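Novice: Sharing a structure with you now.
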Amino acid sequence: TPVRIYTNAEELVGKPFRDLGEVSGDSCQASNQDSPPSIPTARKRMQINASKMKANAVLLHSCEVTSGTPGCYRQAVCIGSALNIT
């Protein structure tokens with residue numbers, strides 16, 4: 001994951017790329033008793049998911065800490081577009 005994370009589409013102005021598709025990374029706090037959700041781990045896992053598509057970069061759209069998730073008391077999730085900047 002020498003997958004560069006961009007956080008703003010403005011940063012992409014003037015760099016043609018291929019959108020390889022959407023990626024997600026999450027961190028699950030299963031229980032109350034466990035460590036809280038890890039924002040860094042959510043982001044890293046997204047990045048690794050992009051890397052598996054042979055991405056160069058990811059445009060991070062958003063992250064969020066949620067209470068709703070099926071397996072998790074709390075969850076951090078980050079989402080983005082895996083990209084090949086050519």
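Chain labels A, B, ... are given in the sequence in which chains occur in the structure tokens; within each chain residues are numbered consecutively from 1, and ligands are likewise numbered from 1 in the order shown.
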Near residue A:65, within 8 Å and counting only C-alpha atoms, which residues show up once chain neighbours fewer than 5 positions away are dropped, as a VMD selection string?

Specialist: chain A and resid 37 74 to 77

Novice: For residue A:25, work out the shell of residues within 9 Å, counting only C-alpha atoms and skipping chain neighbours fewer than 3 positions away, then give it as an MDAnalysis selection string.

Specialist: chainID A and resid 41:49 76:79

Novice: Please produce an output containing N, CA, C and O atoms for each residue in the selection, written as a short mmCIF file (atom, residue, chain, number, x, y, z; two decimals), in the first residue's frame.

Specialist:
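The file below, selection.cif, is the result:
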data_model
loop_
_atom_site.label_atom_id
_atom_site.label_comp_id
_atom_site.auth_asym_id
_atom_site.auth_seq_id
_atom_site.Cartn_x
_atom_site.Cartn_y
_atom_site.Cartn_z
N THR A 41 -7.14 2.12 11.21
CA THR A 41 -7.27 0.80 10.65
C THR A 41 -8.32 0.80 9.52
O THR A 41 -8.11 0.16 8.51
N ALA A 42 -9.41 1.52 9.68
CA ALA A 42 -10.46 1.59 8.62
C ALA A 42 -9.86 2.12 7.36
O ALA A 42 -10.04 1.56 6.25
N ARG A 43 -9.03 3.14 7.50
CA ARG A 43 -8.40 3.76 6.32
C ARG A 43 -7.33 2.88 5.67
O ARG A 43 -7.19 2.84 4.41
N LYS A 44 -6.55 2.23 6.50
CA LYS A 44 -5.54 1.34 6.01
C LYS A 44 -6.15 0.20 5.29
O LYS A 44 -5.62 -0.19 4.26
N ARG A 45 -7.21 -0.42 5.84
CA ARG A 45 -7.84 -1.53 5.17
C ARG A 45 -8.47 -1.17 3.78
O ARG A 45 -8.42 -1.96 2.84
N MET A 46 -9.03 0.01 3.67
CA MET A 46 -9.49 0.56 2.41
C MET A 46 -8.35 0.60 1.42
O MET A 46 -8.48 0.26 0.24
N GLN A 47 -7.23 1.10 1.90
CA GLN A 47 -6.04 1.30 1.10
C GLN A 47 -5.48 0.01 0.58
O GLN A 47 -5.12 -0.06 -0.58
N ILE A 48 -5.43 -1.01 1.45
CA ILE A 48 -5.06 -2.39 1.11
C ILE A 48 -6.04 -3.01 0.12
O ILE A 48 -5.64 -3.65 -0.82
N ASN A 49 -7.34 -2.83 0.35
CA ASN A 49 -8.32 -3.20 -0.65
C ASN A 49 -8.06 -2.57 -2.02
O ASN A 49 -8.19 -3.25 -3.04
N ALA A 76 -16.00 1.97 12.59
CA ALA A 76 -15.48 2.99 11.72
C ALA A 76 -15.39 2.35 10.34
O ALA A 76 -14.98 1.18 10.19
N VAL A 77 -15.86 3.08 9.34
CA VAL A 77 -15.78 2.66 7.93
C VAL A 77 -15.33 3.85 7.10
O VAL A 77 -15.78 4.98 7.33
N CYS A 78 -14.40 3.63 6.18
CA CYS A 78 -13.97 4.61 5.20
C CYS A 78 -14.22 4.02 3.81
O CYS A 78 -13.92 2.86 3.55
N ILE A 79 -14.67 4.87 2.90
CA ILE A 79 -14.94 4.50 1.53
C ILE A 79 -14.27 5.43 0.52
O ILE A 79 -14.12 6.64 0.74
#

Novice: Using DSSP on the backbone coordinates, identify the residues of chain A assigned to strand (DSSP E); present them as a ChimeraX atom specification.

Specialist: /A:4-6,17-29,57-66,74-85

Novice: Save the residues we just selected, C-alpha atoms, as a PDB file, in the first residue's frame?

Specialist:
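Writing the result to again-v2.pdb gives the following:
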ATOM      1  CA  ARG A   4      -1.528   7.296  -2.128  1.00  0.00           C
ATOM      2  CA  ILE A   5      -4.618   8.524  -0.385  1.00  0.00           C
ATOM      3  CA  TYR A   6      -6.190  11.628  -1.892  1.00  0.00           C
ATOM      4  CA  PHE A  17      -6.649   8.089 -14.188  1.00  0.00           C
ATOM      5  CA  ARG A  18      -8.566   4.920 -14.379  1.00  0.00           C
ATOM      6  CA  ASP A  19     -11.260   4.322 -11.882  1.00  0.00           C
ATOM      7  CA  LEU A  20     -10.827   0.722 -10.892  1.00  0.00           C
ATOM      8  CA  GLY A  21     -13.885   0.744  -8.630  1.00  0.00           C
ATOM      9  CA  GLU A  22     -15.094   1.350  -5.055  1.00  0.00           C
ATOM     10  CA  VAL A  23     -13.275   0.098  -1.980  1.00  0.00           C
ATOM     11  CA  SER A  24     -14.100   0.067   1.750  1.00  0.00           C
ATOM     12  CA  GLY A  25     -12.185  -0.491   4.973  1.00  0.00           C
ATOM     13  CA  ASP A  26     -13.639  -0.937   8.412  1.00  0.00           C
ATOM     14  CA  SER A  27     -12.785  -1.273  12.126  1.00  0.00           C
ATOM     15  CA  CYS A  28     -15.370  -3.090  14.347  1.00  0.00           C
ATOM     16  CA  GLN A  29     -15.757  -2.604  18.074  1.00  0.00           C
ATOM     17  CA  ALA A  57      -4.075   5.740  -5.355  1.00  0.00           C
ATOM     18  CA  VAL A  58      -7.460   6.017  -3.642  1.00  0.00           C
ATOM     19  CA  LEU A  59      -9.815   8.964  -3.471  1.00  0.00           C
ATOM     20  CA  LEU A  60     -11.292   8.831  -0.042  1.00  0.00           C
ATOM     21  CA  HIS A  61     -14.904   9.934  -0.220  1.00  0.00           C
ATOM     22  CA  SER A  62     -15.797   9.693   3.370  1.00  0.00           C
ATOM     23  CA  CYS A  63     -15.501   7.987   6.718  1.00  0.00           C
ATOM     24  CA  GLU A  64     -17.980   7.588   9.474  1.00  0.00           C
ATOM     25  CA  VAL A  65     -18.292   6.148  12.990  1.00  0.00           C
ATOM     26  CA  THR A  66     -21.587   4.265  13.205  1.00  0.00           C
ATOM     27  CA  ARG A  74     -19.441   0.678  17.025  1.00  0.00           C
ATOM     28  CA  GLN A  75     -17.791   0.632  13.592  1.00  0.00           C
ATOM     29  CA  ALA A  76     -15.481   2.991  11.723  1.00  0.00           C
ATOM     30  CA  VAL A  77     -15.779   2.660   7.933  1.00  0.00           C
ATOM     31  CA  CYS A  78     -13.969   4.613   5.203  1.00  0.00           C
ATOM     32  CA  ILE A  79     -14.941   4.499   1.530  1.00  0.00           C
ATOM     33  CA  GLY A  80     -13.225   5.536  -1.668  1.00  0.00           C
ATOM     34  CA  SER A  81     -12.376   4.996  -5.353  1.00  0.00           C
ATOM     35  CA  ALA A  82      -9.423   2.845  -6.130  1.00  0.00           C
ATOM     36  CA  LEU A  83      -7.489   4.481  -8.926  1.00  0.00           C
ATOM     37  CA  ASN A  84      -4.608   4.065 -11.348  1.00  0.00           C
ATOM     38  CA  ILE A  85      -3.071   7.423 -11.951  1.00  0.00           C
TER      39      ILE A  85
END

Novice: Taking the DSSP assignment computed from this structure's backbone, write out as a PyMOL selection string all residues of chain A that belong to alpha helix (DSSP H).

Specialist: chain A and resi 39-51

Novice: In terms of the shortest atom-to-atom distance over only C-alpha atoms, which of A:30, A:51, A:7, A:86 is closest to residue A:69?

Specialist: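 Of A:30, A:51, A:7, A:86, the one nearest residue A:69 is A:30, counting only C-alpha atoms.
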